[PDB]
Each structure stands twice: as structure tokens, then as C-alpha cells.
Participant: 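Input: one structure, supplied below.
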Amino acid sequence: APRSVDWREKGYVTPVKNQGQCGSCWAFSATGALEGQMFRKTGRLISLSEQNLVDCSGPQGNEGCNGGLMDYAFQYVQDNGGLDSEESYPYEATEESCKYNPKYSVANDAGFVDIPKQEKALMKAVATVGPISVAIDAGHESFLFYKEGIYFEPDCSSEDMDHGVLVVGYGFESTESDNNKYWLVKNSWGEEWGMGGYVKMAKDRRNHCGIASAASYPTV
Ligand SMILES: *[C@@H](C(=O)NCCc1ccccn1)[C@H](O)C(=O)N[C@@H](Cc1ccccc1)C(=O)N(C)C
């Protein structure tokens with residue numbers, strides 16, 4: 001695999017968004033991966049509606065602002081035959097009834113692929129597919145206050161993830177501890193969090209925070 005990857009440079013990634021006070025991280029993770037795969041197919045980067053997923057993907061198993069899974073979101077887009085654009089169905093950070101309109105659908109998928117639960121497999125997926133939906137243990141004060149550098153949290157769980165995010169690449173930079181590799185991760189907490197909304201998560205440190213434990217992407 002390449003030693004460094006950044007899909008933002010290839011045009012696959014919309015700007016950082018903000019989920020507000022709704023527990024809809026799974027929807028932002030899902031739209032991010034679908035935005036990448038739609039761009040791969042069509043050459044058009046179109047921001048997709050997280051509100052559409054929050055309001056409408058309950059039958060696939062999602063629970064709105066009470067949580068969800070990216071895979072259930074990809075299943076919804078397939079079952080539903082579409083997904084509205086962000087501009088057409090904007091984000092309100094509260095669960096409401098479904099208002100999906102197919103006339104404004106700008107994306108589709110034919111299912112999804114789950115990646116084996118190993119960081120080496122996640123790397124191969126990132127290197128060859130595009131941005132990848134993942135879940136991490138973000139439930140630590142250190143994650144809230146992150147400003148820069150490689151995030152490493154000794155109390156992080158590789159099994160109990162609570163936050164869906166998007167891996168857009170990976171790379172390295174020299175550090176004191178010589179644990180130099182990182183996953184480049186797009187969050188959904190606005191650009192005032194972290195490094196313009198991004199975090200470099202420790203890579204090849206025993207599946208730190210569970211980043212390879214729930215990785216997937218939509219088939220377009
Ligand atoms: C994610 C979310 O919206 N998190 C925002 C609040 C927050 C603040 C600080 C730290 C962490 N979180 C939702 O809570 C959500 O959908 N959670 C999912 C993430 C997930 C896990 C495994 C596989 C896919 C997605 C979740 O915790 N579970 C168990 C589904």
C-alpha cells in the first residue's frame with residue numbers, strides 16, 4: 001500500500017459539518033463515505049442529507065438522534081432508491097418525520113462492504129476505495145480538547161466504540177515516542193474542533209480506539 005494517502009487532495013471530501021446536539025454521528029459518517037463513492041463514480045462532489053438518514057432510516061435499524069449504524073444507512077439508500085442532497089433536505093439536528101422526495105435524490109448505492117477487523121485491511125481499503133466509514137471510542141476528555149498531533153489515549157477501547165467518523169487518509173510524522181503513523185479522520189463537530197475538524201488517530205497501535213473494528217463503505 002502507499003505510505004501516505006489523502007483523499008481530500010483527489011476531490012472526494014466535502015467540508016467539515018456539525019451534527020449539533022443530535023447523536024447522528026452515524027449519519028455524517030455515512031454521508032461522508034457515500035459522498036466519496038459518488039464522486040468516484042460521477043466526478044461530482046455533492047453534499048448529502050444527514051437529516052434524510054436521521055428521519056427515514058429507522059426501518060433499517062437506525063434510531064435517529066439516539067444513534068445508528070453507517071451500514072444501516074447504506075442499506076436505507078439502497079432500499080429507498082435514493083438520498084436527497086444536503087441543500088434540498090437540510091440538517092436540523094432533531095428527529096422529525098421522513099420528508100424524502102425522490103425528485104431531489106442525488107445519490108444511490110447497491111449495498112456496502114464490511115472490512116475485516118484489522119488495521120492492515122483498513123489500510124488496503126483506504127488506499128484503494130476512498131474515504132471509509134469507521135467507529136471509534138471518542139468517549140474521553142482528551143478527544144474533546146484535541147488540538148493537533150497524533151491522538152493516543154491509553155484508556156481507549158478497541159471493542160466499545162461510540163462515535164462514527166470518516167477515515168479520509170493516513171500518513172506519518174515524526175514524534176517523541178516514535179509511534180509515527182496516523183489515520184486522518186474527519187469528524188462532524190465543526191471546524192473549531194481539533195485541526196480544522198480533523199484528527200490524526202494513532203495507526204498501527206493495536207487498533208487504537210477501535211478504528212478498524214467497524215469499518216465499511218457503500219457500493220456505488
Ligand atoms: C454517535 C454520536 O452522535 N456521537 C456524538 C456524541 C458523542 C460525544 C462525545 C463522544 C462520543 N460521542 C452516536 O452516539 C452513535 O450513533 N453511536 C454509535 C457509533 C457506532 C458504533 C459502532 C458501529 C457503528 C457506529 C454507537 O455508539 N453504537 C453503539 C451504534
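Scope of the values below: all heavy atoms of this structure, side chains included, with no hydrogens, waters or symmetry mates. Just so you know, residue 1 is the first one in the sequence shown, and it goes up from there. When a ligand or atom number is given, it counts from 1 through the structure's own listing order.
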Participant: Under the salt bridge (charged side-chain N to carboxylate O under 4.0 Å, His left out) rule, collect the residues that match up with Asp6, sequence neighbours excluded.
Facilitator: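 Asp6 satisfies salt bridge (charged side-chain N to carboxylate O under 4.0 Å, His left out) with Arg8 only.
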Participant: Is the shortest heavy-atom distance from the side chain of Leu144 to the side chain of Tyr146 under 4.5 Å?
Facilitator: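 Side-chain contact under 4.5 Å: no.
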Participant: If the condition is disulfide bond (SG atoms under 2.5 Å apart), which residues does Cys156 pass it with, not counting sequence neighbours?
Facilitator: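 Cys156: disulfide bond (SG atoms under 2.5 Å apart) contacts with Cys209.
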Participant: Do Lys99 and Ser97 get their side chains close enough for a donor-acceptor pair, meaning under 3.5 Å?
Facilitator: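 The answer is yes; a qualifying pair exists.
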Participant: Holding to side-chain hydrogen bond (donor to acceptor under 3.5 Å, both in side chains), I want the full list of residues that pass it with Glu119, two or more places apart in sequence or in another chain.
Facilitator: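 Result, side-chain hydrogen bond (donor to acceptor under 3.5 Å, both in side chains) vs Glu119: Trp183.
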Participant: Without hydrogens or angle criteria, can the side chains of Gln60 and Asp79 be said to hold a donor-acceptor pair below 3.5 Å?
Facilitator: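 Short answer, yes.
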Participant: Name the residues with a heavy atom less than 4.0 Å from ligand 1?
Facilitator: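 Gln19, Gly23, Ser24, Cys25, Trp26, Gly67, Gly68, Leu69, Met70, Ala135, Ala138, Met161, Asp162, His163, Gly164, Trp189, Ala214.
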